[PDB]
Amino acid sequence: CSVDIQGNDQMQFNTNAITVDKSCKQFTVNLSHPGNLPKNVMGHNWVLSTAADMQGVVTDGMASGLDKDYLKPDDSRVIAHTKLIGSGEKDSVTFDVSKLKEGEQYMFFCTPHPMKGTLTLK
């Protein structure tokens, strides 16, 4: 009921698809950042929302800025998120799998960068 994901200095996540076993009551994403660049020029987060909500989450997050982890505080569209991390840093986020609803399309993404993938219930 966890996965390890990396974001590197080339604005790449090391996977584009996460699958969650339906047996999981909670699920944890462990984000790390190989590379040498710090958070103010190559910070990554891991953010989960519906596909429909992603644009607004990104737009509002970029308006909120670096010290808010490029996320709008208390954004109700964000199902789960990490903080923003630079190289060598780590953050984990856990969420309740019952938040993922039938028939919905979930995406994960980093808000400052063109980095995204899908999250699917198995």
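Counting begins at 1, following the sequence as shown.
Do the C-alpha atoms of 92-100 or of 43-51 have the higher average B factor in the entry? Averaging CA B-factors over each stretch, the winner is 92-100.
For the higher mean C-alpha B factor in the entry, choose 104-112 or 20-28. Higher mean C-alpha B-factor in the PDB entry: 20-28.
Third of the chain's Cα B-factor distribution that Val3 belongs to, per the entry: As the PDB entry reports it, the C-alpha B-factor of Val3 lands in the middle third of its chain.
Using the B-factors in the PDB entry, rank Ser87's C-alpha atom against the chain and give the third, lowest, middle or highest. CA B-factor rank for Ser87: middle third.
Select lowest, middle or highest to describe the third in which the CA B-factor of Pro34 falls within its chain in this entry. According to the entry, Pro34 has a C-alpha B-factor in the chain's lowest third.
Third of the chain's Cα B-factor distribution that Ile79 belongs to, per the entry: Middle third by C-alpha B-factor.
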